[PDB]
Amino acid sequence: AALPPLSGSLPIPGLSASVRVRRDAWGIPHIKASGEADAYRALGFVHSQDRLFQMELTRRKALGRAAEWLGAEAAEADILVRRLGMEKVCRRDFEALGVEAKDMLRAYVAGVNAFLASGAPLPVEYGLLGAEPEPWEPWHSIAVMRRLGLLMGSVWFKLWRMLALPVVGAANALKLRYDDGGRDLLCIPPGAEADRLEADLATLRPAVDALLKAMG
């Protein structure tokens, strides 16, 4: 009774035909639809039955609204995604999309919104927070997807080497990266090896000087 009903039948506005959802011995949902739009609608719905709090928390982080749930520790992350323009680039992306992708996204969130209207009890998190879930728009999935991979990869290393510049000097800062074991195993061609290129301080000099000045 802290849990949504996972048996019987439940209505979804907008379905053309029934969809069957079987959860196995581990609770994994196997969803069987006729049409593709029904499939996506059912996936929105089933996602929310198991993971509503995750979904909305992840969306709030994407839209710079997580501090409304998490307090001050999420404040600086919210400010950053606002500065990055999450809503603007996700709406932009959505408008450019072909009709099948738009329809998939629309069907998906009509399933999410259907769950919100289904009268399930709310997850324990909403109880704790005194919160009510907010409805979903198609472009929201793009924001959630973007949040998942947000700033992964190279930016951290560049920011880090820049921060090291005035501390250890250029020659040293430019050695601040993950080890290569002495020589990389490459992916392509499989099995091939090669020595990575080290930094060319001579070509980097003007960037380095500019940053020294800027930081000092």
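Numbering starts at 1 and follows the sequence shown.
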Quiz item: If you average the CA temperature factors over each stretch, which comes out higher, 6-14 or 198-206?
Solution: 198-206
Quiz item: Do the C-alpha atoms of 189-197 or of 20-28 have the higher average B factor in the entry?
Solution: 189-197
Quiz item: If you check the C-alpha B-factor for each of 66, 52, 46, 37 in the entry, which is highest?
Solution: 37
Quiz item: Which third, lowest, middle or highest, does the CA B-factor of residue 75 fall in along this chain?
Solution: middle
Practice problem: Among all modelled residues of this chain, ranked by Cα B factor, put residue 93 in the bottom, middle or top third, i.e. lowest, middle or highest. | Solution: middle
Quiz item: residue 148: which third of its chain by C-alpha temperature factor?
Solution: middle
Quiz item: In terms of the CA temperature factor given in the entry, to which third of its chain does residue 158 belong: lowest, middle or highest?
Solution: lowest
Exercise. Could you look up the Cα B-factor of residue 33 in the entry and say which third of the chain it sits in: lowest, middle or highest?
Key: middle
